[PDB]
Amino acid sequence: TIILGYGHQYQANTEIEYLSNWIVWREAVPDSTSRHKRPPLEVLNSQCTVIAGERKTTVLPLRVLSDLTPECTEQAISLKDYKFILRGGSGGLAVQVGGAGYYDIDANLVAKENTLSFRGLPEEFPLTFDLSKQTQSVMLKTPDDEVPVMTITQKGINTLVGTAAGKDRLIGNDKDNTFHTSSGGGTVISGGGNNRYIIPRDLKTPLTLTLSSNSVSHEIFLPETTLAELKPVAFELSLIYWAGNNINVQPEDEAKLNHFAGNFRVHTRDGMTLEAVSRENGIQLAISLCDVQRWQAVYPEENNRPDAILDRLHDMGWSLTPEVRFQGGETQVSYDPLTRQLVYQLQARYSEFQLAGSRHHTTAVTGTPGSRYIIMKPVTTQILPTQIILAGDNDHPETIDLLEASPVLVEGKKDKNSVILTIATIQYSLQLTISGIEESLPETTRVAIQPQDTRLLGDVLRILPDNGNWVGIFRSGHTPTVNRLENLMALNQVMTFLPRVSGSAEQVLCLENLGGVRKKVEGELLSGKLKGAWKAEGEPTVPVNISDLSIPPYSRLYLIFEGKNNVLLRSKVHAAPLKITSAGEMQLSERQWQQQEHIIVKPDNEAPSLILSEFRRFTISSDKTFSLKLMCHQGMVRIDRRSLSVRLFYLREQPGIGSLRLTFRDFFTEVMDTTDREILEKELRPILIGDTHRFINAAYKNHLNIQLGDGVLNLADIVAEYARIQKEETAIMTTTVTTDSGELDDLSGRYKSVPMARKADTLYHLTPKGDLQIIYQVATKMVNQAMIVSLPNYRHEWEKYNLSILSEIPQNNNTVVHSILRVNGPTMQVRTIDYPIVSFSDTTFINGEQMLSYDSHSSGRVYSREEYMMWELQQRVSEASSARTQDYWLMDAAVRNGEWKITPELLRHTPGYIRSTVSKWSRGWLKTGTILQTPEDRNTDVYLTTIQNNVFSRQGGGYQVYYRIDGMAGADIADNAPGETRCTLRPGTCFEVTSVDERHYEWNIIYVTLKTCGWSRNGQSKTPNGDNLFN
């Protein structure tokens, strides 16, 4: 790196002045009045020269034109004649022009990259540079005249970089060129060769790309743009944006637009890679590649399986290249849209692959010798056939896992040197094909039907007849009928409600563990009685303690309850911790540490070296120090006695963000065993900050680094930063908010204003002690800063919270976007107001997750209040996890006092729900804005919980209409048994019909949303042509 200046050689013309008072002689400037005299300082040279060596050299002359300020402009104009002679080397030359002078750049042609950058100019400067012109002038538009502030003579440049945010006009050579365009629009005219473009987001003016006739290929990079921000426009190479100015790729001649088929690629930030493909009529932009790692990073809260990604892309209106590749991960996945076949290729031996079918594509897996293929439990119907191809090593045989599928009946078949096995559960089935790679079935393959029953593929083959193919291979014994099946993957804080039965007098609840880690169920019975735990077919039930239950891996447990009273059981599920007492390298595969929720390290003599394979840490900021400081501020670091505890979050293929706690027992010396006293801890803290290793146990001093996939986590850094945070407790800001804190439609409560301006993204954290930790990031770019809004004891007091959090999101166009965050139980409802333009969105904690990530630049469709608030009815009908968690939280709030009671406080937070059946529905009859009323019935019952209350499943015969009441304040509830939430709505109550949807008319499903009124004395009581509503 060379930084250059403007140095002139002066000639100081001087004279001798005789100071007669001190009779001395001194040097002095010539007198300007004594005839004619030379100037006191005369400039002789105005040239600088740099000759580069063999390495890459960057030249950065002083920036004399950095803004349009008059003094800066004058200084730049005065220096417009300075000569810069820069000769690049074979390594490469990068020049960033200061803003004035004659530039004579002589870059080597051998060098792969020779850069000419104009980013040092004023931010909004119209730059017109042509790479095909050897000599050029960069004119500065001064008042009343134009000044050639720069004159550039370049040779060998191929990496033109534009201004920051100016209206630039760039033209390339006939060679390969790279263009770093500005964020202010303009035009780019790339000549021949293969050209690359890096275009930022939020363009001030639409940008036009002109593909020349002699051009070969083009690659467009969008480092700040996701695929969801682009409109899939057909028969065009232009990149259209949902919001914001778009790129306008056009060719020199429209006749030869089809030339750039396969020679036009667009790279997008979330790992997408669009390609130009010839089609039936013209050209199109189809998705060709996908990096699953970048996509998972951009969308951590969604299902990142290739099938889920394909479904998401199809729902977005995006086409597919004839061969779609899914790069990243342990395997390369290929999709063929013509035959709808998804193929997996294994590369790493001894890799545990989870095989899950789909309702849209057929799956085939090509395995590696010595591998483990886990068959997942079938969850949907009409699953297309799946295939497994085995490499027969005979020294490292593979295995096929049916343990996690919970198979009830397995039937075998033989067809052309392959064994076809069906895997049918109680309610679902799946057909799996097993075939070899060399036209032979390896008899050494192991089929694990049951944990204690592991057979060999040869033994399975022998009992398989040729004629009369279908025979049984496995059949589970008789089990009691299951009224409710509850998976233990939902972690804790699960409220199970079993309504009483009429005469069966025996309700069976089944707790199933689909993983390989033992589960501890810390249940607690509120209503009903437990007869014991089912043991076998014909012996008395075994009594068990609901306080703690042990569930062995891949095993079930049928609890028996009486059918007279309602059954309400609150259960806490915690997996058994993993104890690591050995030393040396301790490597855990991805499935090994993803199965665990707590890992305890207790070294016998020396600590091991933990290596978590493929651990992708979840971070909201790219700064490691800031991320670790925020993690320390959020309470994931705990120090008690000599033990250090670390809580980590990782990105995973499944929806949500994973969590893993690491505890290092005896991590500190014996001086830290006095953590009870705060004065001693305060005395220890300065040393813990300065010299962390002084208080670290000698068994850990060589094992302070934890290998987390690609990154590394150092325990000493965490300890030092945690100590620093403890010091500052007794730039991240905290704002504790109480139910009765803050200033005074649905926004009818308190208001709290965020002090600063936030960014687009937000983070919601729910600590184990039920603390809400909304985290905002300050919009300032120079310094990373965060502001945390704290709601202590939120999970146990969410019904008393009705405040709104107001914030501001500045935009690139000097515009401000208003955001209101309303906390509604596990749901974080956010309204965006644009100046009118009002958008609604929400996120919900589900399945015990404690981290929620929402990014504004991740969607391309804006939903109004009616559209968003209508979506929740569709999710409730499908019984989405959000509705289940809302039901769980409401049931938990219903028992705050210890006895079941639906308080009037919960009425405001709880929308109403009605399910009704009509004899016949007329399409288009119900229009938005109409008025509906209940008939002259005694009371119409409104249900707050519709997931497991048996009040929302289809009943009777005909069309089904789903209702949702916005305002339930003022409705009298009924005496409810423990577990049921019923409200009796007053007769003759108006219902302002809003946003009627009938997309599932062919499925006999009608969707309706409503608003309450007063005593309007109008509407339809019995409704036309019978079909009395609100029974």
# chains A, B, ... in the order shown; residues from 1 in each chain; ligands from 1
call {"tool": "residues_around", "arguments": {"residues": "residue 400 of chain A", "least_positions_apart": "2", "cutoff": "10 Å", "atoms": "only C-alpha atoms", "output": "mmCIF file with C-alpha atoms, in the first residue's frame"}}
result
data_model
loop_
_atom_site.group_PDB
_atom_site.id
_atom_site.type_symbol
_atom_site.label_atom_id
_atom_site.label_comp_id
_atom_site.auth_asym_id
_atom_site.auth_seq_id
_atom_site.Cartn_x
_atom_site.Cartn_y
_atom_site.Cartn_z
ATOM 1 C CA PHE A 353 -28.256 -39.661 6.685
ATOM 2 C CA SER A 371 -23.036 -45.608 6.284
ATOM 3 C CA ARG A 372 -26.251 -45.289 8.284
ATOM 4 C CA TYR A 373 -29.528 -44.433 6.529
ATOM 5 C CA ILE A 374 -32.185 -43.345 9.027
ATOM 6 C CA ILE A 375 -35.757 -43.614 7.737
ATOM 7 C CA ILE A 388 -31.682 -46.500 -1.382
ATOM 8 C CA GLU A 398 -24.209 -50.240 5.823
ATOM 9 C CA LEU A 402 -36.397 -47.987 11.101
ATOM 10 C CA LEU A 403 -36.005 -47.060 14.782
ATOM 11 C CA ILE A 434 -33.658 -51.098 -1.462
ATOM 12 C CA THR A 445 -26.520 -55.060 5.280
ATOM 13 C CA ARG A 446 -28.252 -54.697 8.650
ATOM 14 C CA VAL A 447 -31.943 -53.815 8.971
ATOM 15 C CA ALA A 448 -32.732 -52.496 12.463
ATOM 16 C CA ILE A 449 -36.481 -53.018 12.786
ATOM 17 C CA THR A 454 -31.301 -56.072 14.229
ATOM 18 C CA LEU A 457 -30.430 -58.270 4.712
#
call {"tool": "residues_around", "arguments": {"residues": "residue 183 of chain A", "least_positions_apart": "2", "cutoff": "9 Å", "atoms": "only C-alpha atoms", "output": "MDAnalysis selection string"}}
result
chainID A and resid 163:167 181 185 199:205
call {"tool": "residues_around", "arguments": {"residues": "segment 320-323 of chain A", "least_positions_apart": "4", "cutoff": "10 Å", "atoms": "only C-alpha atoms", "output": "PyMOL selection string"}}
result
chain A and resi 274-278+284-289+310+313-314+334-339
call {"tool": "write_last_selection", "arguments": {"atoms": "C-alpha atoms", "output": "PDB file, in the first residue's frame"}}
result
ATOM      1  CA  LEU A 274     -30.248 -17.571 -11.485  1.00  0.00           C
ATOM      2  CA  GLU A 275     -29.404 -18.573 -15.046  1.00  0.00           C
ATOM      3  CA  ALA A 276     -30.707 -17.646 -18.487  1.00  0.00           C
ATOM      4  CA  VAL A 277     -32.362 -20.595 -20.238  1.00  0.00           C
ATOM      5  CA  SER A 278     -33.846 -20.882 -23.711  1.00  0.00           C
ATOM      6  CA  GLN A 284     -36.059 -16.791 -19.115  1.00  0.00           C
ATOM      7  CA  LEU A 285     -34.338 -16.531 -15.737  1.00  0.00           C
ATOM      8  CA  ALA A 286     -34.485 -19.925 -14.017  1.00  0.00           C
ATOM      9  CA  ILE A 287     -32.947 -21.034 -10.732  1.00  0.00           C
ATOM     10  CA  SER A 288     -29.852 -23.157 -11.380  1.00  0.00           C
ATOM     11  CA  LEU A 289     -27.974 -23.450  -8.070  1.00  0.00           C
ATOM     12  CA  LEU A 310     -38.083 -26.295  -3.798  1.00  0.00           C
ATOM     13  CA  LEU A 313     -39.341 -21.458  -4.767  1.00  0.00           C
ATOM     14  CA  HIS A 314     -42.366 -22.917  -6.566  1.00  0.00           C
ATOM     15  CA  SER A 334     -29.674 -32.793  -7.543  1.00  0.00           C
ATOM     16  CA  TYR A 335     -33.243 -32.183  -8.707  1.00  0.00           C
ATOM     17  CA  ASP A 336     -34.745 -32.996 -12.111  1.00  0.00           C
ATOM     18  CA  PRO A 337     -37.947 -30.963 -12.627  1.00  0.00           C
ATOM     19  CA  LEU A 338     -38.924 -32.975 -15.715  1.00  0.00           C
ATOM     20  CA  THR A 339     -39.133 -36.298 -13.847  1.00  0.00           C
TER      21      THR A 339
END
